[PDB]
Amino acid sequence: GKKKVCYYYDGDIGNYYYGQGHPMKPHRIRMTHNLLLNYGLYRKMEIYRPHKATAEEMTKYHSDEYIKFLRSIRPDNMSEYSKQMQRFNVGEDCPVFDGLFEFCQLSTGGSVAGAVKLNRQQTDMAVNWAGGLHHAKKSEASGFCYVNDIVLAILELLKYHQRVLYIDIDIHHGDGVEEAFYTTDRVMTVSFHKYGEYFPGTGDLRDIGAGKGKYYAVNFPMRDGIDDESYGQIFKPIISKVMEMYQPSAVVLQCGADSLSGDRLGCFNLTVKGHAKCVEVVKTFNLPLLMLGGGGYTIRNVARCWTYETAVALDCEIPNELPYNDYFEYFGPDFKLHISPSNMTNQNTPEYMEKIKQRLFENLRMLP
């Protein structure tokens, strides 16, 4: 039936700034929070302020040298770290900004705290819209991500769960999470993403894991313009087959909103309803679930998406007319929650979708 939802948020998160011209805007987390507060969704969930994750918590995955660098570098001392900046990929995509380490601590704190709550069986769902930074690697920042909160949260879940399923619906391949667990069967990673002349360049259909992890990495490569109809007809059948064969005891879902129509960096054509249908599909399996954020660069649509997905988690119907809120003017000219798809061509033909789904089903038949 209806589930208990715990939500993690720190009011300072919206003040972190990646810099002029950088598309990653932490302010979108504050817009999401304010919109869900104005819809009255706070009366239905337990709201928690995550602790600032320690460097020691982060080193459960990341190297000590990389975390020490993140905790030390500042815009005023960057000139003394030119060597380490190259080594750790700190630059254009992952710039040094004021409070960078504290931003990593809050993003990570929400994911790990949510995983602990799920482990203690004190909640059915835990939500951290500030997390989902799937590109960060053991000793390298990548794609606007510095600390991989998802990997840290999964390591926490693995303390009480034999098998953990990770699903990633961001438009970009979830490479950091896939790499972290590539040789183990204790985590199955499933990523649906744009593939072909697109960042990060990984996530081919043929990347299926290695060693004990062979068949435990799943990648569904897509072309521009995927719509609600096309995405919906492959998502439920794939997730149902993965649940059947893998039988996970906990799930982590990365809800990157850059797969929505009109995203500044994305080229997909999903509506908020089409994106949220993924949450409905996963939630239906009644397993402990950690829901995380990720990309999303047309910030009014990110706030709509994550507000609607929080309502989906709560089994709460909310009106299409937006309530008045601190950022009301950002939602013009319509001031509605739901969005319309564009007229862009869907390059994912029905035959291509079925063919890729059948290739993934062949790989899923290889599980024990």
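Here the rigid core means the biggest group of C-alpha atoms that line up within 1.5 Å when the two forms are laid on top of each other. Numbering starts at 1 and follows the sequence shown.
Root-mean-square C-alpha deviation from the shown form, taken over all structures in 9 other deposited structures of this protein superposed by the rigid core, is larger for 89-97 than for the alternative among 120-128 and 89-97. Mean CA B-factor, 81-89 versus 278-286: the higher value falls on 81-89. Between 110-118 and 68-76, the higher mean Cα B-factor belongs to 68-76. Based on the entry's C-alpha B-factors, the most elevated value among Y146, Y297, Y198, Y166 belongs to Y198. In the PDB entry, the Cα temperature factor peaks, among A257, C267, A126, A130, at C267. Ranked within its chain, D170 lands in the lowest third, by CA B factor from the PDB record. The deposited CA B-factor of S191 belongs to the lowest third of values across its chain. Among all modelled residues in its chain, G262 ranks in the middle third by Cα B-factor. When the CA B factors of the chain's modelled residues are split into thirds, the value for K336 lands in the middle one.
For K44, the recorded CA B-factor ranks within the highest third of the chain. Only modelled residues enter the ranking.
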